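Letters A, B, C, D, E, F, G, H, I, J, K and L mark the chains as written, and numbering starts fresh at 1 in each.
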Amino acid sequence: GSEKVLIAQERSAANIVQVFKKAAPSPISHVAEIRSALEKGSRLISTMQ
Amino acid sequence: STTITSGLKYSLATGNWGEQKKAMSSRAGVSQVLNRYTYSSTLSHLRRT
Amino acid sequence: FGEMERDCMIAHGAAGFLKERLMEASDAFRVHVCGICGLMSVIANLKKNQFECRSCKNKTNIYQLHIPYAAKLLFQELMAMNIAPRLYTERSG
Amino acid sequence: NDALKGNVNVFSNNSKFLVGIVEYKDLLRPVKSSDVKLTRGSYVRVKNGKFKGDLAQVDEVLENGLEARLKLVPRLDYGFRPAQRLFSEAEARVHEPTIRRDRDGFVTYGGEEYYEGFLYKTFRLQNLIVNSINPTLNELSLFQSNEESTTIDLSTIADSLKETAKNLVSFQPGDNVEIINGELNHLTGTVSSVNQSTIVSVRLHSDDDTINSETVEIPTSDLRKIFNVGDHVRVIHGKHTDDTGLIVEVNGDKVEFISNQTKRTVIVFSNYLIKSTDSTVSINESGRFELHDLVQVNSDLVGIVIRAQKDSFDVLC
Amino acid sequence: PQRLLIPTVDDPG
Amino acid sequence: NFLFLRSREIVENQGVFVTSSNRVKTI
Amino acid sequence: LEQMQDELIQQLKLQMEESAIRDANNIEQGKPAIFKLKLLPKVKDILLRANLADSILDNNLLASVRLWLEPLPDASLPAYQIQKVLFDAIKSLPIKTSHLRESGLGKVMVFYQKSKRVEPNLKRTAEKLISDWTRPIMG
Amino acid sequence: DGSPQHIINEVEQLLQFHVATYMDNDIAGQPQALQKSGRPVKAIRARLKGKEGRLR
Amino acid sequence: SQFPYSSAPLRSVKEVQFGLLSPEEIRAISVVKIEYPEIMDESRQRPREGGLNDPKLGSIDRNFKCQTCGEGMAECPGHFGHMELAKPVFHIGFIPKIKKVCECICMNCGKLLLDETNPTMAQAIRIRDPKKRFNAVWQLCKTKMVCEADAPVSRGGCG
Amino acid sequence: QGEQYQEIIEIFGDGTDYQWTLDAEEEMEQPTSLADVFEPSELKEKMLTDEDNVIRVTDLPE
Amino acid sequence: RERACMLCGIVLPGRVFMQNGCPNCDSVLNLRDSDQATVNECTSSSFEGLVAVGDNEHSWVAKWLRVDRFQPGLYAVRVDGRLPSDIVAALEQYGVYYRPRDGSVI
Amino acid sequence: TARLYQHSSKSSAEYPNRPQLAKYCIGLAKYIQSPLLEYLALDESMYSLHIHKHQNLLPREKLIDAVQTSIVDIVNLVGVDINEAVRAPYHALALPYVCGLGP
């Protein structure tokens, strides 16, 4: 008997390469991360850096 | 059938978007009570992210 | 009456008002303490008018204090964790 | 791994460990050996049923071992349970004339077999307490009255006395104790510290100063409390429970003391005494009278309760 | 006997 | 007509002494 | 070095035997055994010293340990402190079959295991020690 | 009754865990003690710390 | 004047002395021993004696009175019980301190690994503050990894 | 094997060195007077004392 | 319904004991040729410590339970009840000594 | 005697499932049926009754002796049926007060 509304959740897109700069107190200087999702069902599977 | 029925009902009623026993460390506020103070507020709540 | 209001009353210098706010307008409680062990382990029967700390085995060196009920709860919770907070009514040096 | 392969009761993780070789004998050692078997004639307590808690004599032990026929005190109303009482054949006939008879002294009433006023009914093994049995003089007298000799049997009763005397002894620091066995037999000492319930550190008292500065840990099974004349002692257990007073006469095992509440001499065994310098007796949850109650003494007398006691009151007219 | 049957190192684990 | 009174200084019977109401004056 | 330790341990052995004889005589004369308790701290400190274990096994102090553990003819057990200290020392030292043969402590160990006035913890430790000592014989 | 040392170690570690999580249920590097509902147990330590604690 | 009269004199707190509770003190201040896990006697009110809601521990009900002090719910402060453990366990808050003390002393003969003969140890002794004194003593004796049977003349060390 | 069995007998004994001690211990472990079974204040109430037998046997009104 | 044979220690259903007898003790007990009373006196349904043995010859457990000369199957560490005096005397006539598995004898 | 009977543990054991007022009614009926036995059932409580106005001036032993001699006189006047006293413990209360007998 209570009216409930679903709020849209904002997420980052999958299957795109994103390159970022790690900060100074770290041996890593740059990282290239991609998150992979199958087209059928649109569900996250694995992350590779 | 009580598994799917109770899971969907719990998640929509409480807003915790996961299993009931997994409520800790789970996304909350995905579902909210619809605002009905005025018509414009209902429209705004239905178009929120 | 939060912490910032307490600091403002300290800055005004009104100690009596602060004491009245935190005790008379709130959880004011009365406890009995042994004069030897300093623990809240006295068994007082006020209408029978008999006081006794069974541990220290004394019936005469017993006092009453007015403390917040939350302070009593804190001391009992500390005692539950094997800590011994002993309240004495005189200084030593 | 091959043996556990194909089984579903085994958990997901390989929770296997190497059993130590010494543990091999322990893994197959038997249990419940304390009691070879149930002995006929012993007195036991009933776990559940309508006779829950009543002491029963083991007249017969069934060879199966799951049940046993027992001698009990009947609980009937003859037409929430009635108090135990010896089976009265006359009252049973008056309230129910359908009694059956099979022998002399063996009476069957309501489908239950009563022998000379005592019920004989089979009870399962899972319905009995065969250890830590606490006997009462009333039930003992009621069971041995039919043998024309009062409590003629006293071996199991003496064993129950020994068990109660051993378990009821609790020690505190500063208590004066005496040693019964060992090389330190017939020595006096004061309890310094108590660790667990079987090791007690005792500082002995003797004419030599160098011995008096030593602490010895002594088992509680070889300690007997020392009660000096003129000490405040509080009764642990018995009919005179929570009575305090000053010791007057020490007749070895039996100690006599003038009470504080009744203010009269009371004779209680030394096993039931703890040296408590103050009474601090609370009279709450007793009698029918709060302190300072205005009580009607009789038809034309009234008063106010001044002091309250366990089984008496002080009234100011 | 019973005492002689106590385990040894070469017995199965 | 009897009043049962509780008092601090009469330690003999824990303060309880019996007097008639005609003997007392209210404060 | 080792010879001084051997001499000191032999002197301790003679003192322990003398104390045991004195306590037995006092018990026969109606007096409690006090000399063993008095000598107990020094014996405990010596036994806790790990490097003296070889010298103890060379001088066969376990014979006097058995003598202290031996119940007196009046069927009275020794003080619990003595039994606990000696059991702890036995655990702390690597007793072998040759040392047991020299001392004959197995008889007293079997007596302690079979007895009922002995504490059950001491009973379990005696069972464990008997099992450990029977272990090398069969393999 | 009977003492296989492994079972003694298991049950005594269970007792140690219960006594430790009765006083401090925020122990780092080990799972928290949980209620039947899945919420963590409220220990004595958590009653005394934070804005809503006993002191503040 | 909102509290019932008591003949005990009224004083204020001048000092708070902290410390640990000894097992003797825990047994002495207790009023009952807790050994029965079942909260309720027979699910028919009247909670079981020796349980976690023993009536001697205090009354939290309007119509019932504490069986230890006899006072009502408003006046009774509550009373402690004790629970004997079958085996000793660590206090979770003191485990690193137990570790540091174990480092500081000798596991066989309960003595500090170093004595006052070392001048640094004497200086560590001199500081009055217990925390800093413990810190200094620990910083010294942590290095020492062997008990000394004789003086670095026997100091009682087991070696 | 027989030789190691004899060695075990020599090391651990047959028990006869302390079998008599064990027998003495079992004898002293094993052991009626109503004055010691119940309290005198309970004996008196139950009329179980000697004085009650004296009253009951004497040929006079109680 | 299962019962544990007191003598050899094997565990089999009571109806199996009645119809076919004990496969190991049949040379000295004649359980199959015996009435229900003798079966009850030699096979007890109350037991503890179920044991499954695969290889009698090399299993130290089988030697410890003295079942290494018997048929593999279900065995019990402890069996409630003892053999009667007449059956014990009959076994002593055959020259076979009976060692109780009740645990009370050790 | 009814007001003391209703609180006595003997009455409570006799009628466990009954309230106090039922025990009061039973005490009144028993008093109507036999006053003497109802007075005897009080045991030590019958010395606290209102016997005489100035009964408090006597020593306790004197009052007990006077009450006991009165009971002995009245019971021997009435007489005791020995078989009923042997069977019914309620009627056996008057047997110790028979001439020549005692508790």
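Some observations on this one:
Everything below uses one rule, namely that a residue touches a chain if its C-beta (ideal position, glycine included) is under 8 Å from a C-beta of that chain, and two chains touch if they have at least 3 such contacts.
Touching subunit C and subunit H at once are the following chains: D, I. Note on connectivity: the fewest steps through touching chains from subunit A to subunit J is 4. Chain D has the C-alpha centroid lying closest to the overall centroid of all protein C-alpha atoms shown. For the pair subunit D and subunit J, the distance between C-alpha centroids works out to 20 Å. Distance between subunit K and subunit L, defined via averaged C-alpha coordinates, is recorded as 69 Å. Separation between the centroids of subunit D and subunit H, computed from CA atoms only, is 37 Å.
Chain contacts: subunit C has residues 43, 45, 47-49, 54, 81 touching two or more partner chains. Multi-chain contact residues of subunit F, defined as those touching 2 or more other chains: 14. Multi-chain contact residues of subunit L (touching two or more other chains) are absent.
The touching residues of subunit G, counted against subunit J in their complex, run 71, 75, 97, 100-101, 104, 106-111, 114-117, 130, 133-134, 137-138. The touching residues of subunit D, counted against subunit L in their complex, run 80, 82-83, 90, 288, 297-301. On the subunit E side of its complex with subunit K, the touching residues are 2, 5, 7, 11-12. For subunit L in complex with subunit D, the residues that touch the partner chain are 7, 13, 16-17, 48-50, 87. Against subunit D, in their complex, subunit E makes its touches with residues 6-7, 9, 11, 13.
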